[PDB]
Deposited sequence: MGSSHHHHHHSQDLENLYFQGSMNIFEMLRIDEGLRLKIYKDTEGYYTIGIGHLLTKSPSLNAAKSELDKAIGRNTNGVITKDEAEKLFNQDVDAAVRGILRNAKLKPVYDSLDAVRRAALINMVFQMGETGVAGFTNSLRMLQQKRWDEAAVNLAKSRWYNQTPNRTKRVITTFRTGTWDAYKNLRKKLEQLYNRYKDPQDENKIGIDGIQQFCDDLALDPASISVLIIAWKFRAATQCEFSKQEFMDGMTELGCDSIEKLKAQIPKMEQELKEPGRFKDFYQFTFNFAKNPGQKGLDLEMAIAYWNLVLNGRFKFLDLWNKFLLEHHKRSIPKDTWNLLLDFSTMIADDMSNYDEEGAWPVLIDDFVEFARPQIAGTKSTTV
């Protein structure tokens, strides 16, 4: 088949796909991009349709099988290589980019393609002076000029690697990035399972970040890393997370923590974090979340947000598993409920647990109403 990766075995192992895997990241399951559009692989837009089934239909046509929205790394490379061929055709039609592209060696061509993926042809074509320097093989001067640009300020770590590629004509910046992340992962990995960081490694990670391991900030990091389960941090989770956060060091990750915290000020992002917590805390082998574990995580994530959290604790402690829908709807209850619960709609199809809670809260509510200020 024309797309077979065996047709590229004459190339080096480092290539444009592996470059963008480092600079942008790779997703093997359909996800929504910044604009809400279904995407997979390295930034491959599937459709603007709101229908996941439509996105799956487009993916199946492009891959050649029924994927149910999940592909392999090799399949993602085939999709990406088609996108590269299209980007190169565009470069070759562009009077502002063709001369420099033609003049460049293969490694530096990859750096230019990287730029086009990030900012489009129009954006790259704006770099008139730097492109002329590249065409003249004035590598150090091009590197200096590119570093003065807004591009550098927008994505400093990616831009530094692309600039180093123009400066040297080698893959050194990508070899160095990979080694840094490998050596950092090796500081944390479980000595008995190289595929994960265990509890001791998570503790070392927290210590290196100057985080109380009991801070909600730890769970915020797990959310940003899309961690599947508490007490484990898989190698893929660590590498994908450091990539998506643009960090190759603990110092850089430490600087990102306040930005992750700030994201939660949006109710939509807090809801995402709140819903993530359920699947993260649940035992993989169980369908629901044990009540005691639910209470612990509820107290971490809802303290200061749910005005009836203390009453909720008392209600549950006098109770005898929590499904996902009950977990999710507690946040909606917290958002709508009046300070005295007077606006609760019993016909609203809330979980029985919440119906019972509203009834249980009646003595406390009444007592407060008869208490002097």
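Note: segments 1 to 9, 330 to 331 of the deposited sequence have no C-alpha coordinates in the structure.
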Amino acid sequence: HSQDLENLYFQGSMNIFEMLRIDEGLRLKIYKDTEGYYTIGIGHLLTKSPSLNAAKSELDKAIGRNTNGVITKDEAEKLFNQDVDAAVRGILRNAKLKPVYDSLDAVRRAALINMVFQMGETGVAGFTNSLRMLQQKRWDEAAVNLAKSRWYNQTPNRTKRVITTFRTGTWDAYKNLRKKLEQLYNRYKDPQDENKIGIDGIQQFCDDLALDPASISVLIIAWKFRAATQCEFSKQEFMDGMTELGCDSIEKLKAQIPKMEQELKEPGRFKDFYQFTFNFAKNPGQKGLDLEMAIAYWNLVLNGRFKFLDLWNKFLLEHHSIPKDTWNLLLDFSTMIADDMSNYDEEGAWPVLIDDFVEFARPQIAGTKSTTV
From here on, numbers count along this sequence of modelled residues.
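Take the two forms, find the largest set of C-alpha atoms that superpose within 1.5 Å, and that set is the rigid core.
When the other structures are laid on the shown form by the core, the C-alphas of 208 to 216 and 255 to 263 differ in how far they drift in 5 other deposited structures of this protein; the larger average drift belongs to 208 to 216. Farther from the shown form on average, by C-alpha root mean square after a core fit in 5 other deposited structures of this protein, is 264 to 272, of the stretches 106 to 114 and 264 to 272. Look at the mean CA B-factor for 265 to 273 and for 176 to 184 in the entry; the higher one is 265 to 273.
Note on 109 to 117 vs 244 to 252: mean CA B-factor is higher in 244 to 252. Across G90, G285, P156, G169, the greatest Cα temperature factor reported in the deposited entry is at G285. Of the candidates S215, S149, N81, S234, the PDB record gives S215 the highest C-alpha temperature factor. Among all modelled residues in this chain, the alpha-carbon of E77 has a temperature factor (C-alpha) in the lowest third. Split the chain's modelled residues into thirds by C-alpha temperature factor. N328 is in the lowest one. Looking at the C-alpha B-factors along this chain, the one for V352 belongs to the lowest third.
The PDB entry assigns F10 a C-alpha temperature factor belonging to the middle third of its chain's modelled residues. The deposited CA B-factor of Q192 belongs to the highest third of values across its chain.
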